[PDB]
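Working notes for the structure below.
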Amino acid sequence: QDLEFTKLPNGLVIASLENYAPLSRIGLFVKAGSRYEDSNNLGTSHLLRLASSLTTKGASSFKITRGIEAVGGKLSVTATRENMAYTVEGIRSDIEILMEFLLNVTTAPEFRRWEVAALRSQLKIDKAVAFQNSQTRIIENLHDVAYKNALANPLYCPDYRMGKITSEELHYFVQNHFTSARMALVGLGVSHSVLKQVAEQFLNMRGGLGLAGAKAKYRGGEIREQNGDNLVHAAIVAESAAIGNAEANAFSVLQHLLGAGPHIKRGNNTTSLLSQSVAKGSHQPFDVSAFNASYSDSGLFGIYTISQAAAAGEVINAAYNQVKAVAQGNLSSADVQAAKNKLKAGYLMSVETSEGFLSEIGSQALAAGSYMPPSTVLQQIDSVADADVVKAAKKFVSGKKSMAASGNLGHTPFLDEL
Amino acid sequence: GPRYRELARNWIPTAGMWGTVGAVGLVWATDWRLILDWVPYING
Amino acid sequence: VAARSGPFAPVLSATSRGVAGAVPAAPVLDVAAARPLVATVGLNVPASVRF
Amino acid sequence: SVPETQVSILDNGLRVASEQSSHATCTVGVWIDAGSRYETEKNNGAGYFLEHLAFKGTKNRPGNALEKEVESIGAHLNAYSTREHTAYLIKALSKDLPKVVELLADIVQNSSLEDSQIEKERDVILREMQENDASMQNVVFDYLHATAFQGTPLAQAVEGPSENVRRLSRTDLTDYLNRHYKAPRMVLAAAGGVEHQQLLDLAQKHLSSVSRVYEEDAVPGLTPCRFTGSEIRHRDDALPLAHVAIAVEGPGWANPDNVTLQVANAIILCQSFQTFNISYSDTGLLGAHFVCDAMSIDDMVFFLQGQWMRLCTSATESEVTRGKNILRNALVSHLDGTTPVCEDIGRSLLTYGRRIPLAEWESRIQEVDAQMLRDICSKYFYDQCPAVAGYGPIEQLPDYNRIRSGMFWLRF
Amino acid sequence: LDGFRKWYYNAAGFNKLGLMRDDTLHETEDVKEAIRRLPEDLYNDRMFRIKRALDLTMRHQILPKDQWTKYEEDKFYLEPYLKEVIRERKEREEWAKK
């Protein structure tokens, strides 16, 4: 059948699709990302993300682990700067107790102090594993230098805050952001009725709208961290459109025009106006792409470069110059059509998997409360037109930039030189 | 418990064997001729 | 830095004495692209970042 | 209610299989029964270097023409090579189904190996091999394959020795291409929003005339390998962590107790500790890959060994039920996504000769109980000589007598 | 029964060393898990009370009668934390049994 939606009077969104899949998935989406913290409770969302298997009021930890592993189901937590999503999946004959476990975890945690004291070492280990690659550190640095208050908060807990996050901070964060008006329960392979009926046992406790988050403010700035990696990972971004604004799409078409990354393995070359503009001048190994991250109040669009330290300068300059050409109208309609085809194929392959489909429905729910059929999107992306793309470009080419650099930065330029 | 019982089964033959080995060894070393007088060749 | 800094001097002058609270004893883990990071952690599924 | 995988066969011999689903992002993919097992130590990197070069240049699409086309519809182009199979797959939209198939046709035949391109790749491959050593678990699994299949074509690696990589001739490659790219050893697999009749038409037009006749009847043939229990201990104490893999001989693709062995893996200290059932044809390696600090490898080995014996001697129904549930969630399906379903078909037509449906997998899972699990585990784990591969600070890793002897419980 | 329990509390004699009832529990595995889950201030008071009782037993003295632990006042602090340890312990045991 099709997707089916009810908005409950306490604000909770219920979305269901019964496709008679052998494995069914059920996720719950909360507007409780890392942007809702301030300087007093930094890293609380990271410990909340890692605290999904802790003794809940309804279920002891042993059960919340042995019962999910007994049926072979999976419980995972995915977190962005805006949204958290707790997802369970398993055989249709066990999703009743899977919803019991998931809704107990979402609605009634206990946050015992010895459990979080044991979890803080896992928090440190998870942060080290996450920052084992340079991209993660350079994107966290880029957000920290790009924004002032809201979206500048890191996804991972700072080093000083380990050992300082308490049970009361987790309880305050849950009581202020895990309310029914900020939650959508989305189920693929289940009946809508049960979701409605599992939305009453729980998700009825907190009916508020939660403690809304401050508006994110852009700051600009360039940060460089000599780390030794032969490769100077450099991200240069500027402020862009919010998710909803039409301009948004234009920026997605602009990143797929300026390269969206590789499309071929071990042979991903000349796949980008950027890649072409770098490769016509530099014979060193490189990786240049376009970065776009848009959140419900603000967006970042820019370029991302990995290169040998020595060439790091002009490669960045070459990439920047290519965007300036797009800001001068130097583009062809066939290139924009190919960018639109790449963007729509990427969207369809993102929603072709079950967990990606459940995430998409989830995001749409929290964002606009409505489901937008894949088809609808296709015609809206088509709405974006050439001039629109050019426009977004000039926004980037003019707006104050924010630069995060890492590596041997002896030949990496600055923003006033860039 | 139910599970523990299953474990027992798997070890029952094993225990029997070891017990059997014990029995055999005991008789052999002890030189007990009562039981041994009941074996075809060694008897004597 | 005698007349220029004064009180701020000791901040710009290492002074290892060479010859002639104290420091309190001041990790190895198991083992590109562009897109907003999205951290993931699972009950049993190992964590991951799909940037 | 899962749609069946329909298989047809073309005169050439290539099997143009397919599958269909509401999805609209199909993954078309050519699988070839050609890997490092079919190489004869004089062309040990031919499949890898053809994989690196196949995408870069085809006769009809000169230079980087193909990679442009693939960009024009926004499709994704991937390829991989194992010791037994090679795959070239494209993720695209449904409406771009014909041209994608035509693109795949060029990639398998009419491909052009530019001697220049050959050279550029040589650099890429050599350098990576020169940096591949960085990935320890890859080093440990290559060491395990080498010491377990000593003297056979299964010891070598997909990459091959540096020498073979340096020395490669358009002609050598041409041979591997003309020898191991036969039409009866090829499957055209499609998953997602594809029609089987349209794919069968496209198959003939673009993928017909695929070679099928070998040269001077140099029809390849294969060797049943030997599992030589042995160890390899690459000691390098400067590394922070140690990677240790211990395996025994696996049954193969066609032996059904694999399913039972998978349940045993689903039943199973030192950081990462993953169990594995590498299963090549006519042999495989059941086992474990545990990383660990130098001071705990010893204990880990014991723990691992302990677990195995427990599975040979004291398996209960509850852990068997848990392992069956864990296995039944590794079922690959449309919800797993096209590429995964795509891949299965190709591997199922290459290995089993047919696509095993998920209902048959569920039947073979539910027939597994605790008694046959401990019987099959005693058949494959108990009192067997393992292959051991260690890399890192592995001095406290026990030698071969302690490992082998630990494989038998004096109490049974 | 209440008065006879007070008389037995006086006859037990750990109140004369200033100890609580939960200080006198034998540290098994469950008791050590319950002690580890205590907050820092309660743990520090428990360790000081145990050290003072050991010092008084060393000198073969007791506290003055105004400093003894009144039966009514004794607080069973470890008890709440202990029950949980036992509950969790049993749950785990049952799971294995089954």
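Order of writing sets the chain letters: A, B, C, D and E. Residues in each chain are counted from 1.
In the analysis below, contacts are C-beta pairs under 8 Å (C-beta built on N, C-alpha and C of every residue); 3 or more make two chains touch, one makes a residue touch a chain.
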Where centres are the averaged C-alpha coordinates, which chain has the largest centre distance to chain D? E
Between chain B and chain D, the Cα-mean centres are separated in Å by 50
Find the geometric centre of each of chain A and chain E from their Cα atoms only, then give the gap between the two centres in Å, rounded to an integer. 51
Distance from the mean Cα position of chain E to that of chain C, given in whole angstrom: 45
Averaged-CA centre spacing for the pair chain D and chain C, given as whole angstrom: 42
Chain E residues touching 2+ other chains are 98
Where in chain D do residues touch two or more of the other chains? 318
Chain B, residues touching no fewer than two other chains: 3
Spell out all pairs of chains that touch, sorted by label. A-C, A-D, A-E, B-D, B-E, C-D
For the complex, give me every residue of chain A touching chain D. 20-23, 25, 69-74, 89-91, 256, 263-271, 338, 341-346, 348-349, 352-354
List the residues on chain A that touch chain E in their complex, please. 60, 62-63, 66, 112-114
Can you name the residues of chain E that touch chain B in the complex? 96-98
What residues of chain A sit close enough to touch chain C in their complex? 46, 49-50, 52-53, 65, 68-69, 74-81, 124-126, 128-130, 132-136, 139-140, 155-156, 233, 235, 261, 287, 289-293, 300, 304, 306
Flag every residue of chain E that touches chain A in the complex, lowest number first. 36-37, 39, 87-88, 91-92, 95
